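One chain comes next, on its own, written as structure tokens: the form deposited in one PDB entry.
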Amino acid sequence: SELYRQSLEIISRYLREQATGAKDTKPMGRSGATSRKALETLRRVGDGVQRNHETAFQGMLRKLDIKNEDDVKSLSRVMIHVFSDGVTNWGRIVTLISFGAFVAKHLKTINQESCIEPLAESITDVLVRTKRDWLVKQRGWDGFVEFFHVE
């Protein structure tokens, strides 16, 4: 879907830029204006989550023992469990993407960079497949940008 591809554009770019330090300058799709703003929002909010919760994230990562593409699946299972209480909000969504970026950095560090795009797509799939109706009601990535706007 268009929402899947836009979400993947944002999440894949954030995870890969976080892991490698290199911005992706390739042109975006037709929703690029919103995607650029959502990426800028993630750089602010998501970088903050990872730093503020680094110790906790490190412990979670250790317990997951992520070594290869067969382990990338565990993050999708974490996401499903987060949403199992029936609650959806942007704070949870950005926290899951931020943990995804933390895992992406780990994958680069262990020279499993080829696992990052599968991770980004796995996160995108859980979000869009299971929360499509909520995302649409919240006006999608435009709503995400508006929610986290300051001043």
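Shifts are known only where both forms have a C-alpha. When you see a residue number, it is the position in the sequence shown, counting from 1. We call the rigid core whatever largest set of C-alpha positions still superposes within 1.5 Å between the two forms.
- For the two regions 6 to 14 and 19 to 27, the entry's Cα B-factors average higher over 19 to 27.
- Across the two stretches, 95 to 103 and 28 to 36, the PDB entry reports the greater mean Cα temperature factor for 28 to 36.
- Listed residues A56, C115, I110, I123 were ranked by CA B-factor as deposited; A56 comes out on top.
- In the PDB entry, the Cα temperature factor peaks, among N89, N68, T41, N52, at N68.
- Per the PDB record, residue ranking by Cα B-factor puts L64 in the highest third of the chain.
Keep in mind that the form deposited in another entry is not shown, yet the notes after this line are about it.
- A movement of the C-alpha atom of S84 reaching 2 angstroms or beyond is seen between this form and the one not shown when the two forms are aligned on their rigid core.
- In contrast to the form presented, in that other deposited form the C-alpha positions of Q58 and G86 draw closer by 3 Å or more.
- Cα-Cα spacing of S84 to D133 is reduced in that other deposited form versus the present form (difference of at least 3 Å).
- Comparing the forms between this form and the one not shown on their core, residues 73 to 86 form the single run of at least three in a row where every Cα shifts 2 Å or more.
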